[PDB]
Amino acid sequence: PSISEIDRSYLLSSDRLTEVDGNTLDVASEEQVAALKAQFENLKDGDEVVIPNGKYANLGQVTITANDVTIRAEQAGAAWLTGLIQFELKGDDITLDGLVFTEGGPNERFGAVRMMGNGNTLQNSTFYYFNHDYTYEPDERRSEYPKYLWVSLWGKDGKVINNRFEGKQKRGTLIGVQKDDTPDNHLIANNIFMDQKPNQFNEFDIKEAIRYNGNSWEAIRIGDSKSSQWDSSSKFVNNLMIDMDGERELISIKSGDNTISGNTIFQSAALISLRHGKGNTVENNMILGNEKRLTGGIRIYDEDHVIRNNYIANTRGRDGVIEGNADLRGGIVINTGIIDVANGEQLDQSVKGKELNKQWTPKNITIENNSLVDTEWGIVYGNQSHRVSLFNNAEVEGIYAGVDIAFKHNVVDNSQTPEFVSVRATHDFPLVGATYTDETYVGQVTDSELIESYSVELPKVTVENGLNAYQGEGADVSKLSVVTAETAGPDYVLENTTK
């Protein structure tokens, strides 16, 4: 299967996968649910709970205080936890293994799994449309729907690995990292994410509330505005993402020193977003839009980031549907911001209008050896207007272009449809101190006079296992590979599920 022919059956297929039939599982009685629950809360260090095959409704608030415990399905995929539940993991070195969360929802808004301890792990588990049973209504203050997460990490050295997160379709980031002032070193790797999408419950019908109701549907948010000026040093690596269309941000990085690398992002109308925080690296990802509307690569605020060796193909669309959220899309988008970083200006919680949750003009960004192939909007130099907040629609006055953006060895290849815009420069917001080394742009370049030099001649193109390899330029195909269910997600698939 070569790039343009990839589809979800290929990505999700593997011989290694067992099939678990939900219809073969018995529904635990109220008495048995209670018995399982006491087992959880009576755990001593070093013990294990093995959950017999079955469906367990409304376990509710499950607090694990023990350390070095495993809670696992007796057969992977065959312990289905339904109705309202939250595992509150307070101990260290707690592992949840082979669980299913479906036909129900989190018992508290920070998720079915609150990883509060250190060395907590969630593995081989599946969430299937876990959007139910909790109250979900526009609030009285401002008709805002509540944000419910599925997994949150509040400790150190968490792992979320080999899980399947399918069908998140009510508001709230699917995974949230809530961190303090020191590195977290979490690993979120080898997971499958599918079919996150907004406005399935008429949320957007309240027109006045759209800018915030249409926000907070990320697949993962690492950090938050208050914690954003500290390092997380977390990794979001080797994941497979299919039809993830939650909002403009697929992955919202809001802290420093993170790695967002080697993921395959297929037909997802949502971008990797370096939203707050410094020194993040986005590398070796395969972003395959497959001509789907409003697909895109990476959008960039703040400083010192490295964007290297990504392969971004067949993406489409420039303007997101909700206005006022700077939702400008393309392969790689250098956003405008609201602070004069060329003169050393910072966001600062004390400075009114320039608080840490606002928009840090990008500076000192290295963008090197990327291949953008058949991208309708390739490298887009930002021109967004910004509003005071998600709740205040006034426009900010004073908008700045990216600074010290260093472009080297990128290939933007629109030779197939050269009317597509390979590089969108703009005299409305000229980059400051931008540099160009051995760039190759084929296709429309707007306000091209702003760019010192580039080549319009593609080097020798070979197809090396389905990818375009450009001789001596662009993404090195040796560092790239498509993630499939051969390595991503759990070791089983479920049947007879209900959305």
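Start at 1 with the first residue shown and count on from there.
> Please work out which of 65-73 and 439-447 has the higher mean CA B-factor as recorded in the PDB entry.
Higher of the two, by average CA B-factor, is 65-73.
> If you average the CA temperature factors as listed in the entry, which stretch comes out higher, 343-351 or 111-119?
Taking the mean C-alpha B-factor of 111-119 and of 343-351, the larger value falls to 343-351.
> Taking the values straight from the PDB record, which of 224, 368, 195, 93 has the highest C-alpha temperature factor?
Across 224, 368, 195, 93, the entry lists the biggest C-alpha B-factor for 93.
> Could you tell me which one of 243, 140, 231, 319 shows the highest CA temperature factor in the PDB record?
Comparing C-alpha B-factors across 243, 140, 231, 319, the top value belongs to 140.
> Residue 218's Cα B-factor: lowest, middle or highest third of the chain?
Its C-alpha B-factor belongs to the lowest third of this chain's values.
> Relative to the other modelled residues of the same chain, rank the CA B-factor of residue 249 and answer lowest, middle or highest third.
According to the entry, residue 249 has a C-alpha B-factor in the chain's lowest third.
> If you rank every modelled residue in this chain by C-alpha B factor, which third holds residue 81: lowest, middle or highest?
Its C-alpha B-factor, which the entry lists for residue 81, ranks in the highest third among residues of this chain.
> Could you say whether, by C-alpha temperature factor, residue 377 belongs to the lowest, middle or highest third of its chain?
Within its chain, residue 377 is a lowest-third residue by C-alpha B-factor, going by the deposited values.
> Would you mind ranking residue 291 by its C-alpha B-factor against the rest of the chain and naming the third, lowest, middle or highest?
Tercile = middle for this residue's CA B-factor.
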